[PDB]
Structure formats: C-alpha cells, structure tokens
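Q: This one is run-v2.txt, compact mmCIF, C-alpha atoms and all ligand atoms.
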```txt
# COMPACT_ATOMS: atom_id res chain seq x y z
CA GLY A 1 21.57 17.03 5.51
CA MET A 2 23.99 19.25 7.47
CA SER A 3 23.60 21.95 4.82
CA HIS A 4 19.83 21.64 4.24
CA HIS A 5 17.85 24.83 4.82
CA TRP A 6 14.24 24.06 4.10
CA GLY A 7 11.34 24.73 6.42
CA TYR A 8 7.75 25.94 6.40
CA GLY A 9 8.31 29.69 6.42
CA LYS A 10 7.65 32.14 3.59
CA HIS A 11 11.29 32.06 2.55
CA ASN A 12 12.06 28.34 2.65
CA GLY A 13 8.63 26.71 2.61
CA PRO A 14 6.95 24.18 0.27
CA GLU A 15 7.03 26.47 -2.79
CA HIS A 16 10.83 26.68 -2.50
CA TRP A 17 11.66 23.00 -1.95
CA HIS A 18 11.94 22.10 -5.62
CA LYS A 19 15.11 24.19 -6.00
CA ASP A 20 17.09 21.79 -3.82
CA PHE A 21 14.84 18.72 -4.17
CA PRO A 22 13.68 18.66 -7.81
CA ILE A 23 11.65 15.53 -7.15
CA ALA A 24 9.23 17.97 -5.44
CA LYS A 25 7.56 18.22 -8.85
CA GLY A 26 7.67 14.46 -9.41
CA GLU A 27 5.09 11.96 -10.61
CA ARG A 28 4.05 10.55 -7.25
CA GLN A 29 4.31 13.33 -4.67
CA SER A 30 2.45 13.50 -1.34
CA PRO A 31 0.26 14.61 0.20
CA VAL A 32 -2.81 14.63 -2.09
CA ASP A 33 -6.45 15.49 -1.81
CA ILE A 34 -8.57 12.36 -1.38
CA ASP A 35 -11.67 12.83 -3.54
CA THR A 36 -14.04 10.36 -1.85
CA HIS A 37 -16.31 10.03 -4.83
CA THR A 38 -13.48 9.20 -7.27
CA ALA A 39 -11.64 6.71 -5.04
CA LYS A 40 -12.70 3.20 -5.94
CA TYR A 41 -13.47 0.30 -3.65
CA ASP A 42 -10.93 -2.47 -4.28
CA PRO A 43 -12.22 -5.95 -3.28
CA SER A 44 -8.73 -7.41 -3.65
CA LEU A 45 -7.36 -5.33 -0.76
CA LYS A 46 -6.64 -7.65 2.18
CA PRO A 47 -7.51 -6.52 5.69
CA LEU A 48 -4.94 -4.25 7.32
CA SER A 49 -2.88 -5.79 10.13
CA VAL A 50 -1.49 -3.49 12.79
CA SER A 51 0.48 -5.45 15.40
CA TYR A 52 1.81 -3.00 17.96
CA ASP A 53 1.46 -5.13 21.11
CA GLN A 54 5.24 -5.56 21.41
CA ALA A 55 6.13 -2.01 20.41
CA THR A 56 9.13 -0.55 22.20
CA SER A 57 9.29 3.26 22.18
CA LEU A 58 12.61 4.80 23.16
CA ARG A 59 12.79 8.52 22.77
CA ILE A 60 11.00 11.66 21.67
CA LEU A 61 12.91 14.23 19.59
CA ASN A 62 12.19 17.76 18.38
CA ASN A 63 14.01 17.82 15.02
CA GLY A 64 13.17 21.39 14.09
CA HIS A 65 10.33 20.36 11.72
CA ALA A 66 8.13 18.25 14.03
CA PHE A 67 8.67 15.85 16.97
CA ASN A 68 9.32 12.14 16.51
CA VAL A 69 8.53 9.36 18.96
CA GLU A 70 11.15 6.75 17.98
CA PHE A 71 10.90 2.98 18.36
CA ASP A 72 13.31 0.06 18.54
CA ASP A 73 13.10 -1.38 15.05
CA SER A 74 16.03 -3.82 15.29
CA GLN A 75 13.55 -6.72 15.59
CA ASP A 76 10.00 -7.37 14.39
CA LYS A 77 8.19 -5.88 17.40
CA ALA A 78 5.67 -3.45 15.93
CA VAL A 79 4.70 -4.18 12.36
CA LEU A 80 2.17 -3.27 9.72
CA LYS A 81 1.14 -5.91 7.15
CA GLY A 82 -1.78 -6.68 4.89
CA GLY A 83 -3.94 -4.13 3.18
CA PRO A 84 -2.15 -3.21 -0.09
CA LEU A 85 1.20 -4.30 1.31
CA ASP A 86 3.34 -7.29 0.40
CA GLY A 87 5.64 -8.27 3.21
CA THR A 88 6.41 -6.89 6.64
CA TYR A 89 6.85 -3.25 7.50
CA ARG A 90 8.45 -2.19 10.84
CA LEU A 91 7.45 0.87 12.81
CA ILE A 92 10.46 3.20 13.17
CA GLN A 93 8.74 6.38 14.41
CA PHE A 94 5.59 8.49 14.43
CA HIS A 95 5.12 12.27 14.29
CA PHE A 96 2.42 14.79 13.49
CA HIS A 97 1.81 17.82 11.26
CA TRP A 98 -0.50 20.51 12.65
CA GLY A 99 -1.76 24.01 12.12
CA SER A 100 -1.82 27.40 13.78
CA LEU A 101 -5.62 27.10 13.83
CA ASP A 102 -8.02 24.17 14.16
CA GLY A 103 -9.17 24.73 10.57
CA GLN A 104 -5.87 23.60 9.07
CA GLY A 105 -2.90 21.37 9.81
CA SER A 106 -3.37 18.09 7.93
CA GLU A 107 -1.34 17.24 4.85
CA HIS A 108 -3.84 14.96 3.16
CA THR A 109 -7.29 16.48 2.70
CA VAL A 110 -10.68 14.72 2.21
CA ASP A 111 -12.84 16.34 -0.46
CA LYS A 112 -10.66 19.43 0.14
CA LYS A 113 -11.41 19.32 3.88
CA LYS A 114 -8.42 20.10 6.09
CA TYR A 115 -8.19 18.54 9.56
CA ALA A 116 -6.52 20.12 12.59
CA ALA A 117 -3.58 17.72 12.39
CA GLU A 118 -2.37 14.46 10.91
CA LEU A 119 -0.45 11.64 12.60
CA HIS A 120 2.07 9.67 10.53
CA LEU A 121 3.22 6.22 11.74
CA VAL A 122 6.26 5.49 9.56
CA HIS A 123 7.19 1.89 8.75
CA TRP A 124 9.92 0.38 6.53
CA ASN A 125 9.92 -2.81 4.43
CA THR A 126 12.06 -5.39 6.22
CA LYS A 127 13.14 -6.94 2.95
CA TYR A 128 15.48 -3.95 2.54
CA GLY A 129 17.31 -4.44 5.85
CA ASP A 130 17.27 -0.90 7.19
CA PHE A 131 15.42 2.38 6.84
CA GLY A 132 18.22 4.05 4.89
CA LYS A 133 18.06 1.41 2.15
CA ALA A 134 14.29 1.25 2.23
CA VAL A 135 13.82 4.95 1.36
CA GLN A 136 15.68 4.28 -1.90
CA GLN A 137 12.96 1.82 -3.01
CA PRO A 138 9.52 2.44 -4.61
CA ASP A 139 7.96 0.13 -2.00
CA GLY A 140 10.34 0.87 0.85
CA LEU A 141 8.03 2.57 3.31
CA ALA A 142 4.42 2.32 4.42
CA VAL A 143 3.06 5.34 6.28
CA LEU A 144 -0.19 5.04 8.23
CA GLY A 145 -1.88 8.44 8.32
CA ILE A 146 -4.59 9.34 10.83
CA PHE A 147 -6.49 12.63 10.89
CA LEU A 148 -7.00 14.54 14.10
CA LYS A 149 -10.04 16.71 14.72
CA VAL A 150 -10.60 18.87 17.80
CA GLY A 151 -13.26 17.74 20.24
CA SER A 152 -12.86 15.30 23.11
CA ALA A 153 -9.41 14.50 24.44
CA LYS A 154 -7.51 11.42 23.26
CA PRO A 155 -6.44 9.67 26.51
CA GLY A 156 -3.69 7.80 24.72
CA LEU A 157 -2.05 11.00 23.51
CA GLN A 158 -1.65 12.73 26.88
CA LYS A 159 1.72 11.19 27.77
CA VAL A 160 3.03 12.77 24.56
CA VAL A 161 1.45 16.15 25.35
CA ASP A 162 2.97 16.18 28.79
CA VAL A 163 6.54 15.49 27.72
CA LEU A 164 6.64 18.32 25.12
CA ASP A 165 7.73 20.81 27.77
CA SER A 166 11.05 18.95 27.86
CA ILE A 167 11.76 19.12 24.10
CA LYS A 168 10.66 22.65 23.34
CA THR A 169 13.40 23.51 20.86
CA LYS A 170 15.19 21.94 17.90
CA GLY A 171 17.69 19.26 18.84
CA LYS A 172 16.23 18.47 22.24
CA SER A 173 15.28 14.88 23.04
CA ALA A 174 13.89 13.02 26.04
CA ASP A 175 13.61 9.43 27.13
CA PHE A 176 10.20 8.14 26.11
CA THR A 177 9.83 4.49 26.93
CA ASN A 178 6.78 2.27 27.22
CA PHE A 179 4.51 4.46 25.14
CA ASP A 180 1.79 2.38 23.44
CA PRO A 181 1.01 3.69 19.92
CA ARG A 182 -2.21 1.62 19.91
CA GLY A 183 -3.69 4.39 22.03
CA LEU A 184 -3.59 6.74 19.02
CA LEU A 185 -5.71 4.62 16.63
CA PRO A 186 -9.38 5.20 15.82
CA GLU A 187 -11.89 2.33 16.16
CA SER A 188 -12.16 1.51 12.48
CA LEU A 189 -9.24 0.58 10.23
CA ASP A 190 -11.10 1.45 6.96
CA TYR A 191 -8.63 3.24 4.67
CA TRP A 192 -7.70 4.80 1.33
CA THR A 193 -4.36 3.88 -0.26
CA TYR A 194 -2.17 5.24 -3.04
CA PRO A 195 1.51 5.31 -4.02
CA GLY A 196 3.31 8.44 -2.93
CA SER A 197 6.27 10.10 -1.25
CA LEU A 198 7.76 11.46 1.96
CA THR A 199 6.00 14.81 2.51
CA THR A 200 9.18 16.57 3.61
CA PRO A 201 12.56 16.84 1.85
CA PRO A 202 14.13 14.65 0.50
CA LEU A 203 10.56 13.95 -0.74
CA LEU A 204 11.62 10.48 -1.94
CA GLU A 205 8.94 8.54 -3.84
CA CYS A 206 9.21 5.48 -1.65
CA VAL A 207 5.90 5.44 0.22
CA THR A 208 2.78 3.35 0.12
CA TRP A 209 0.26 5.63 1.84
CA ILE A 210 -2.49 4.14 3.96
CA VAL A 211 -4.78 6.89 5.26
CA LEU A 212 -7.51 5.92 7.74
CA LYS A 213 -11.02 7.12 7.03
CA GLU A 214 -11.95 7.63 10.67
CA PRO A 215 -10.24 10.52 12.42
CA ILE A 216 -9.39 10.54 16.10
CA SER A 217 -10.48 13.40 18.36
CA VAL A 218 -8.04 15.37 20.51
CA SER A 219 -8.86 18.23 22.88
CA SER A 220 -8.14 21.87 22.16
CA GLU A 221 -5.73 21.78 25.15
CA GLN A 222 -3.83 18.86 23.62
CA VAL A 223 -3.31 20.53 20.23
CA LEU A 224 -2.68 23.85 21.97
CA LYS A 225 0.43 22.30 23.54
CA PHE A 226 1.73 21.17 20.11
CA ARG A 227 1.59 24.83 19.08
CA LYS A 228 3.91 25.87 21.92
CA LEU A 229 6.84 23.94 20.51
CA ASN A 230 9.60 25.85 18.64
CA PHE A 231 11.14 25.31 15.17
CA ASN A 232 14.23 27.13 16.43
CA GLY A 233 16.97 25.88 18.68
CA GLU A 234 17.47 27.05 22.27
CA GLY A 235 18.80 30.58 22.57
CA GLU A 236 17.43 31.59 19.19
CA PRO A 237 14.50 33.87 18.35
CA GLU A 238 11.27 32.01 19.07
CA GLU A 239 9.35 30.87 16.04
CA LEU A 240 6.39 28.72 17.07
CA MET A 241 6.22 25.26 15.51
CA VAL A 242 2.87 25.60 13.70
CA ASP A 243 1.68 24.89 10.15
CA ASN A 244 4.42 22.34 9.50
CA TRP A 245 2.36 20.76 6.72
CA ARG A 246 2.84 20.50 2.99
CA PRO A 247 -0.26 21.30 0.91
CA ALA A 248 -1.85 18.80 -1.43
CA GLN A 249 0.11 17.95 -4.58
CA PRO A 250 -1.08 16.99 -8.12
CA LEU A 251 -2.50 13.43 -8.21
CA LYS A 252 -1.23 13.04 -11.80
CA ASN A 253 -1.31 9.44 -13.01
CA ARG A 254 -2.58 7.75 -9.84
CA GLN A 255 -5.75 6.19 -8.49
CA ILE A 256 -6.70 6.20 -4.81
CA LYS A 257 -8.20 2.85 -3.73
CA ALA A 258 -10.65 2.45 -0.84
CA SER A 259 -10.76 -0.62 1.39
CA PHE A 260 -14.46 -0.08 2.07
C1 LIG B 1 19.86 34.36 6.48
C2 LIG B 1 19.74 33.37 5.42
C3 LIG B 1 19.65 32.56 4.55
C4 LIG B 1 19.49 31.57 3.48
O1 LIG B 1 18.09 31.50 3.22
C5 LIG B 1 17.57 30.50 2.45
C6 LIG B 1 16.30 30.67 1.89
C7 LIG B 1 15.74 29.66 1.10
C8 LIG B 1 16.44 28.47 0.87
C9 LIG B 1 15.81 27.40 0.03
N1 LIG B 1 15.87 26.06 0.63
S1 LIG B 1 15.02 24.91 -0.05
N2 LIG B 1 15.17 25.00 -1.62
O2 LIG B 1 15.64 23.73 0.45
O3 LIG B 1 13.66 25.11 0.33
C10 LIG B 1 17.71 28.30 1.43
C11 LIG B 1 18.28 29.31 2.22
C1 LIG B 2 17.45 10.08 2.73
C2 LIG B 2 16.49 10.13 3.83
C3 LIG B 2 15.73 10.18 4.74
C4 LIG B 2 14.80 10.23 5.86
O1 LIG B 2 14.11 11.48 5.83
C5 LIG B 2 12.79 11.49 6.22
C6 LIG B 2 11.97 12.55 5.84
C7 LIG B 2 10.62 12.56 6.22
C8 LIG B 2 10.09 11.51 6.97
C9 LIG B 2 8.64 11.54 7.33
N1 LIG B 2 7.85 11.49 6.09
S1 LIG B 2 6.27 11.63 6.13
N2 LIG B 2 5.96 13.10 6.62
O2 LIG B 2 5.92 11.47 4.76
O3 LIG B 2 5.76 10.66 7.03
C10 LIG B 2 10.91 10.45 7.36
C11 LIG B 2 12.26 10.44 6.98
ZN ZN B 3 4.74 13.25 8.20
```
Once more with this new file: its structure as structure tokens, please.

A:
Amino acid sequence: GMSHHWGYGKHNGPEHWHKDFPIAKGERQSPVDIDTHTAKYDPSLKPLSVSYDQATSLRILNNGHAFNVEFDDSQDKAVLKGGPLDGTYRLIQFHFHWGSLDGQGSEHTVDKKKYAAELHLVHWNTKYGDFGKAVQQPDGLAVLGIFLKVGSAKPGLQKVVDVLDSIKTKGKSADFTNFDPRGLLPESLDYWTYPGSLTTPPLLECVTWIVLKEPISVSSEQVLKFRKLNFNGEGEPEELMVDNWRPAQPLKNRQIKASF
C-alpha cells in the first residue's frame, strides 16, 4: 500500500475508490443501511460471546484515515464467538469513523438514520492463522460495530480521548497498554448481522458484520476531540480528520438477520 492514494476528500473519496479497487462495486460491500422492518429475526442465531477480560492493548496509531487501538493477538486473549459465527475470532484492533457534525459520521445507518460515529472492533478467524491470511477468506473477519450518539460521556472512552493529543498526525503512535475495550460496549448485545466487506480499501469481502442495536452515548467534548485529529502528517497543511466514513452501499442479494 505504499502507492495507495485514497482518502475521504472530494478528489480521492468513496466515489473514486473503484478505480483502484474495483471490488468497490462488488456483491457484498459495506456499509449498508439496516432497514429494521425488513431484517428478520433468526431463532437459530446463538447468543453472542464477547470475552475481553484478558485483552491486552499495546498501542494507539493515527494511520492517516482513523486511529487504531491495537491488541496482542498472538494468543487467544480477547475473542468473539457465537452469534452467527463458527469458530473463534481474535480481536486485533478497534477504531472509529466519525463526522464533522453530530448528525453524521456512522457508516452503517438504521432506517437511514446516521449516528455521530461508529466503533469497529475488528476480529480475525483463528482457523486462518493470521490476519493477513484471514482477509483473503469470505469468513475471515468478524467486525463488531457499535453506534455512538452524543449525550452523556462514556467513562470507558476517556483514556482514548486523552491520548489523542499525542498522535495528532498521520504516522504517529503512542504506547497504549491496559486499556479495557469492555468499557466501550452498550448494556445489550442484541444485534443485526449480514455478510459484507472492509469499509475502506482494499474493501475485501471477508467480513461477517455484527452491528449492535443499542448505541453508546459519548459527550460532545469527547467527539469534539476526535475532530481535532489530522489526516495529514506532521509539517503538512492541516486537514482535520472528520467525515472518515463510507456511505451506505447497495444491499444487493443479501438479507440482514436480527438476533432479537
Ligand atoms: C497532487 C496529486 C495527486 C494525485 O491525486 C489523486 C487523486 C485521486 C486518486 C484516486 N485514488 S483512489 N482510486 O484510490 O481513490 C489518486 C491520486
Ligand atoms: C490486504 C489488507 C488489509 C488490511 O486492511 C484493512 C482495511 C480496513 C480495516 C478496517 N475495516 S472496517 N472499517 O471495515 O472495520 C482493517 C484492515
Ligand atoms: Zn471501520
């Protein structure tokens, strides 16, 4: 990806991605709009199992598109299982997509409603050995998506908000140990699920999406800080990191299943 030049601006944004990543117009692209009335309850869906008690965070990185909180995934320490999944999926990192305004920012939408942001906890299927091999498989990744709305602060998110000052620009990273991702989950684990893709290039169709119904609330001050990050590297013209979300894509031949 040393020669990639995609982003979220008018000249290299989502409408341009297909020229270098033709799968952008594929059969199972993400995100999608979740039409709550058309999604069907699926009694065969097992309960979701989120086991993050032994999670080991390591670092937080601004990669020029968003910021990732990375985890040690060399052992089964933080895994997602159950729900629509077969097997064990390991947490490798989480990041967010957000807007320039509270009225937009999420990638998935619910009955066309856009949330202020969306958290993505990325996990890979351990049967494939490593993340690089997993992204080459139809069932290689499981991404847990959680909507963020603006209201009360999310206590569990503050440590993230406070370290952003240290990774303002692209390429900067900072030690970020002992962060507990369980502090970012809503109370209920009710979800919608459908087969999809990574929402940024390479847009590989290797994701089982699990989107929680219940959003979490964050304060205006918390999301305000996200909006102070930069897409650019240090010493470059400042372009605020905002609206780093891909709009909803055609559902095509897919059905969204509800666990409730
Ligand atoms: C200065 C300068 C320059 C080059 O600008 C671009 C614009 C759009 C693109 C398209 N990238 S894509 N197809 O990955 O979104 C690439 C380079
Ligand atoms: C080849 C390859 C690769 C890895 O590239 C990515 C791209 C996006 C993401 C995050 N995807 S999302 N936004 O759908 O959770 C993770 C890894
Ligand atoms: Zn994402």

Q: Quick one: residues within 8 Å of stretch 233-238 of chain A, all atoms listed in the file counted, chain neighbours fewer than 5 positions away excluded, as a VMD selection string?

A: chain A and resid 64 169 to 171

Q: Let's have the selection written as a tab-separated table (two decimals), in the coordinates of the input, with C-alpha atoms.

A:
```tsv
chain	number	residue	atom	x	y	z
A	64	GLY	CA	13.17	21.39	14.09
A	169	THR	CA	13.40	23.51	20.86
A	170	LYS	CA	15.19	21.94	17.90
A	171	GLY	CA	17.69	19.26	18.84
```

Q: I need the residue nearest ligand ZN 3 (chain B) from this list: A:133, A:108, A:168, A:254. Use only C-alpha atoms and all ligand atoms for the distance.

A: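 Using only C-alpha atoms and all ligand atoms, the shortest distance to ligand ZN 3 (chain B) belongs to A:108.
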
Q: List as a ChimeraX atom specification the protein and nucleic acid residues near residue A:161, meaning an atom at most 10 Å away when all atoms listed in the file are counted, but skip any in the same chain fewer than 3 places from it.

A: /A:156-158,164-165,221-226

Q: Pick out the residues no farther than 10 Å from ligand LIG 1 (chain B), counting only C-alpha atoms and all ligand atoms, and list them as a VMD selection string.

A: chain A and resid 3 to 22 24 201 to 202

Q: Pick out the residues sitting within 7 Å of residue A:209, and hand them over as a PyMOL selection string; count all atoms listed in the file, and ignore anything fewer than 3 positions along from it in its own chain.

A: chain A and resi 142-144+193-196

Q: Env of residue A:26: 12 Å cut, atoms = all atoms listed in the file, seq-sep filter 4 positions within chain, self excluded. Answer as a PyMOL selection string.

A: chain A and resi 18+21-22+30+196-198+202-206+249-253

Q: Tell me which of A:45, A:174, A:184, A:122 sits closest to ligand ZN 3 (chain B), counting all atoms listed in the file.

A: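 Residue with the minimum atom-to-atom distance to ligand ZN 3 (chain B): A:122.
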
Q: If I take atom CA of residue A:245 and atom CA of residue A:148, how far is one from the other in Å, to one decimal?

A: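 Interatomic distance here is 13.4 Å.
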
Q: Can you build me a table of chain A residues sitting at most 12 Å from ligand ZN 3 (chain B), with the closest atom pair per residue and its distance in Å to one decimal, using only C-alpha atoms and all ligand atoms, sorted by chain and residue number, as JSON lines?

A:
```
{"residue": "A:30", "atom": "CA", "partner": "B:ZN3", "partner_atom": "ZN", "distance": 9.8}
{"residue": "A:31", "atom": "CA", "partner": "B:ZN3", "partner_atom": "ZN", "distance": 9.3}
{"residue": "A:65", "atom": "CA", "partner": "B:ZN3", "partner_atom": "ZN", "distance": 9.7}
{"residue": "A:66", "atom": "CA", "partner": "B:ZN3", "partner_atom": "ZN", "distance": 8.4}
{"residue": "A:67", "atom": "CA", "partner": "B:ZN3", "partner_atom": "ZN", "distance": 10.0}
{"residue": "A:68", "atom": "CA", "partner": "B:ZN3", "partner_atom": "ZN", "distance": 9.6}
{"residue": "A:93", "atom": "CA", "partner": "B:ZN3", "partner_atom": "ZN", "distance": 10.1}
{"residue": "A:94", "atom": "CA", "partner": "B:ZN3", "partner_atom": "ZN", "distance": 7.9}
{"residue": "A:95", "atom": "CA", "partner": "B:ZN3", "partner_atom": "ZN", "distance": 6.2}
{"residue": "A:96", "atom": "CA", "partner": "B:ZN3", "partner_atom": "ZN", "distance": 6.0}
{"residue": "A:97", "atom": "CA", "partner": "B:ZN3", "partner_atom": "ZN", "distance": 6.2}
{"residue": "A:98", "atom": "CA", "partner": "B:ZN3", "partner_atom": "ZN", "distance": 10.0}
{"residue": "A:105", "atom": "CA", "partner": "B:ZN3", "partner_atom": "ZN", "distance": 11.3}
{"residue": "A:106", "atom": "CA", "partner": "B:ZN3", "partner_atom": "ZN", "distance": 9.4}
{"residue": "A:107", "atom": "CA", "partner": "B:ZN3", "partner_atom": "ZN", "distance": 8.0}
{"residue": "A:108", "atom": "CA", "partner": "B:ZN3", "partner_atom": "ZN", "distance": 10.1}
{"residue": "A:117", "atom": "CA", "partner": "B:ZN3", "partner_atom": "ZN", "distance": 10.3}
{"residue": "A:118", "atom": "CA", "partner": "B:ZN3", "partner_atom": "ZN", "distance": 7.7}
{"residue": "A:119", "atom": "CA", "partner": "B:ZN3", "partner_atom": "ZN", "distance": 7.0}
{"residue": "A:120", "atom": "CA", "partner": "B:ZN3", "partner_atom": "ZN", "distance": 5.0}
{"residue": "A:121", "atom": "CA", "partner": "B:ZN3", "partner_atom": "ZN", "distance": 8.0}
{"residue": "A:122", "atom": "CA", "partner": "B:ZN3", "partner_atom": "ZN", "distance": 8.0}
{"residue": "A:123", "atom": "CA", "partner": "B:ZN3", "partner_atom": "ZN", "distance": 11.6}
{"residue": "A:142", "atom": "CA", "partner": "B:ZN3", "partner_atom": "ZN", "distance": 11.6}
{"residue": "A:143", "atom": "CA", "partner": "B:ZN3", "partner_atom": "ZN", "distance": 8.3}
{"residue": "A:144", "atom": "CA", "partner": "B:ZN3", "partner_atom": "ZN", "distance": 9.6}
{"residue": "A:145", "atom": "CA", "partner": "B:ZN3", "partner_atom": "ZN", "distance": 8.2}
{"residue": "A:146", "atom": "CA", "partner": "B:ZN3", "partner_atom": "ZN", "distance": 10.5}
{"residue": "A:147", "atom": "CA", "partner": "B:ZN3", "partner_atom": "ZN", "distance": 11.6}
{"residue": "A:197", "atom": "CA", "partner": "B:ZN3", "partner_atom": "ZN", "distance": 10.1}
{"residue": "A:198", "atom": "CA", "partner": "B:ZN3", "partner_atom": "ZN", "distance": 7.2}
{"residue": "A:199", "atom": "CA", "partner": "B:ZN3", "partner_atom": "ZN", "distance": 6.0}
{"residue": "A:200", "atom": "CA", "partner": "B:ZN3", "partner_atom": "ZN", "distance": 7.2}
{"residue": "A:201", "atom": "CA", "partner": "B:ZN3", "partner_atom": "ZN", "distance": 10.7}
{"residue": "A:203", "atom": "CA", "partner": "B:ZN3", "partner_atom": "ZN", "distance": 10.7}
{"residue": "A:207", "atom": "CA", "partner": "B:ZN3", "partner_atom": "ZN", "distance": 11.2}
{"residue": "A:209", "atom": "CA", "partner": "B:ZN3", "partner_atom": "ZN", "distance": 10.9}
{"residue": "A:211", "atom": "CA", "partner": "B:ZN3", "partner_atom": "ZN", "distance": 11.8}
{"residue": "A:244", "atom": "CA", "partner": "B:ZN3", "partner_atom": "ZN", "distance": 9.2}
{"residue": "A:245", "atom": "CA", "partner": "B:ZN3", "partner_atom": "ZN", "distance": 8.0}
{"residue": "A:246", "atom": "CA", "partner": "B:ZN3", "partner_atom": "ZN", "distance": 9.1}
{"residue": "A:247", "atom": "CA", "partner": "B:ZN3", "partner_atom": "ZN", "distance": 12.0}
```

Q: Could you write out that same residue set with C-alpha atoms as a PDB file, in the coordinates of the input?

A:
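The resulting file, again_3.pdb, is reproduced below:
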```pdb
ATOM      1  CA  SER A  30       2.450  13.500  -1.340  1.00  0.00           C
ATOM      2  CA  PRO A  31       0.260  14.610   0.200  1.00  0.00           C
ATOM      3  CA  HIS A  65      10.330  20.360  11.720  1.00  0.00           C
ATOM      4  CA  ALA A  66       8.130  18.250  14.030  1.00  0.00           C
ATOM      5  CA  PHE A  67       8.670  15.850  16.970  1.00  0.00           C
ATOM      6  CA  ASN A  68       9.320  12.140  16.510  1.00  0.00           C
ATOM      7  CA  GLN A  93       8.740   6.380  14.410  1.00  0.00           C
ATOM      8  CA  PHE A  94       5.590   8.490  14.430  1.00  0.00           C
ATOM      9  CA  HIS A  95       5.120  12.270  14.290  1.00  0.00           C
ATOM     10  CA  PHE A  96       2.420  14.790  13.490  1.00  0.00           C
ATOM     11  CA  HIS A  97       1.810  17.820  11.260  1.00  0.00           C
ATOM     12  CA  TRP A  98      -0.500  20.510  12.650  1.00  0.00           C
ATOM     13  CA  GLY A 105      -2.900  21.370   9.810  1.00  0.00           C
ATOM     14  CA  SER A 106      -3.370  18.090   7.930  1.00  0.00           C
ATOM     15  CA  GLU A 107      -1.340  17.240   4.850  1.00  0.00           C
ATOM     16  CA  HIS A 108      -3.840  14.960   3.160  1.00  0.00           C
ATOM     17  CA  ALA A 117      -3.580  17.720  12.390  1.00  0.00           C
ATOM     18  CA  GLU A 118      -2.370  14.460  10.910  1.00  0.00           C
ATOM     19  CA  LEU A 119      -0.450  11.640  12.600  1.00  0.00           C
ATOM     20  CA  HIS A 120       2.070   9.670  10.530  1.00  0.00           C
ATOM     21  CA  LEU A 121       3.220   6.220  11.740  1.00  0.00           C
ATOM     22  CA  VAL A 122       6.260   5.490   9.560  1.00  0.00           C
ATOM     23  CA  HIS A 123       7.190   1.890   8.750  1.00  0.00           C
ATOM     24  CA  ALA A 142       4.420   2.320   4.420  1.00  0.00           C
ATOM     25  CA  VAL A 143       3.060   5.340   6.280  1.00  0.00           C
ATOM     26  CA  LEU A 144      -0.190   5.040   8.230  1.00  0.00           C
ATOM     27  CA  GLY A 145      -1.880   8.440   8.320  1.00  0.00           C
ATOM     28  CA  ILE A 146      -4.590   9.340  10.830  1.00  0.00           C
ATOM     29  CA  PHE A 147      -6.490  12.630  10.890  1.00  0.00           C
ATOM     30  CA  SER A 197       6.270  10.100  -1.250  1.00  0.00           C
ATOM     31  CA  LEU A 198       7.760  11.460   1.960  1.00  0.00           C
ATOM     32  CA  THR A 199       6.000  14.810   2.510  1.00  0.00           C
ATOM     33  CA  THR A 200       9.180  16.570   3.610  1.00  0.00           C
ATOM     34  CA  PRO A 201      12.560  16.840   1.850  1.00  0.00           C
ATOM     35  CA  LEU A 203      10.560  13.950  -0.740  1.00  0.00           C
ATOM     36  CA  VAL A 207       5.900   5.440   0.220  1.00  0.00           C
ATOM     37  CA  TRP A 209       0.260   5.630   1.840  1.00  0.00           C
ATOM     38  CA  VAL A 211      -4.780   6.890   5.260  1.00  0.00           C
ATOM     39  CA  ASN A 244       4.420  22.340   9.500  1.00  0.00           C
ATOM     40  CA  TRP A 245       2.360  20.760   6.720  1.00  0.00           C
ATOM     41  CA  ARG A 246       2.840  20.500   2.990  1.00  0.00           C
ATOM     42  CA  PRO A 247      -0.260  21.300   0.910  1.00  0.00           C
TER      43      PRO A 247
END
```

Q: Which of these, A:178, A:29, A:100, A:88, has the shortest distance to residue A:60 once you count only C-alpha atoms?

A: A:178

Q: Between atom CA of residue A:160 and atom CA of residue A:104, what is the distance in Å, rounded to a tenth?

A: 20.9 Å

Q: Considering only C-alpha atoms and all ligand atoms, state which residue in the set A:27, A:76, A:42, A:130 is at the smallest distance from ligand LIG 2 (chain B).

A: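 Smallest distance to ligand LIG 2 (chain B) is found for A:130.
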
Q: Let me make sure I understand: among A:153, A:189, A:172, A:72, which one has the smallest atom-to-atom distance to residue A:230 if we use all atoms listed in the file?

A: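 Ranking A:153, A:189, A:172, A:72 by distance to residue A:230, first place goes to A:172.
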
Q: Which is closest to residue A:111 among A:48, A:150, A:39, A:79, if we use all atoms listed in the file?

A: A:39

Q: Got a sec: who's within 12 Å of residue A:53, counting all atoms listed in the file, leaving out chain neighbours fewer than 5 positions off, as a VMD selection string?

A: chain A and resid 76 to 80 91 178 to 183
